[PDB]
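What follows is a set of notes on a single structure, which appears directly below.
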Amino acid sequence: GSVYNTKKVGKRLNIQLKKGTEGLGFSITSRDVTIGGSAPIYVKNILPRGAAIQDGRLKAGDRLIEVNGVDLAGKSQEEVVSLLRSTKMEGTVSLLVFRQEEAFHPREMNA
């Protein structure tokens, strides 16, 4: 048998993080967000200490899609920022992110 994990294309990863001293240890950013929907949330920063960085699968620039199975990628940026800031306290937080390798490149010049 053989296994080939696709190191290319966008896939979703679910990372479970337990709150420690830094809590989660990450922050979220939003880009091009007028309201939300087509413009989502990406991880803004992975702090040197914290659950997020210890796991390593969650990195800065990965797109936050859902949490615990609850779809929120169609929610406004304000809603999702509130979700993360609210910070649930069960123990582990399972967040599902979208990791994507963009096969497009910036243009040399635009006339």
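Inside region 75-111, can you point out the residues that are crowded, with 16+ Cβ neighbours inside 10 Å, outside any helix (DSSP H, G or I) and of a type in the set (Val, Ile, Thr)? Scanning region 75-111 gives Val93, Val97. Selection of region 80-100 for residues being over 19 Å from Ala39 (Cα atoms) and of a type in the set (S, T, N, Q) yields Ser86, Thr87, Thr92, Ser94. Filtered by the rule that a residue be touching a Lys or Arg at 6+ places or on another chain (Cβ under 7 Å), within 17 Å of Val93 (Cα to Cα) and aliphatic (A, V, I, L, M), region 44-69 gives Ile46, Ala51, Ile65. Restricting attention to region 31-71, the residues being within 17 Å of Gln16 (Cβ to Cβ) and not β-branched (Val, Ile, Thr) number 14. Can you find, within region 4-43, the residue that is nearest to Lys88 (Cα to Cα) among those that are basic (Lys, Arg) and touching a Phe, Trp or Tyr at 6+ places or on another chain (Cβ under 9 Å)? Applying the filter and picking the extreme gives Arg12.
So which strands (runs of 3 or more DSSP E) are wholly in region 1-74 and hold at least 3 residues that are in contact (Cβ under 8 Å) with a residue 40 or more places away in the chain, crowded, with 18+ Cβ neighbours inside 10 Å and out of contact with any strand residue (DSSP E or B) (no Cβ under 7 Å at 6 or more places or on another chain)? Of the strands (runs of 3 or more DSSP E) lying wholly inside region 1-74, none has at least 3 residues that are in contact (Cβ under 8 Å) with a residue 40 or more places away in the chain, crowded, with 18+ Cβ neighbours inside 10 Å and out of contact with any strand residue (DSSP E or B) (no Cβ under 7 Å at 6 or more places or on another chain).
Among the residues of region 69-85, those identified as of a type outside the set (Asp, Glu) and over 13 Å from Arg12 (Cα atoms) are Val70, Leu72, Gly74, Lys75, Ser76, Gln77, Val80, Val81, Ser82, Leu83, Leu84, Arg85.
Taken together, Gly36, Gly25 contain a single residue that is within 21 Å of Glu102 (Cβ to Cβ), among the small types (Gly, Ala, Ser) and touching a helix residue (DSSP H, G or I) at 6+ places or on another chain (Cβ under 6 Å), which is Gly36.
Cβ coordinates were reconstructed from backbone atoms using ideal geometry, including for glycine residues, and neighbour counts include every protein chain displayed. A short reminder: the numbers here are calculations on the coordinates, not readings from a lab.
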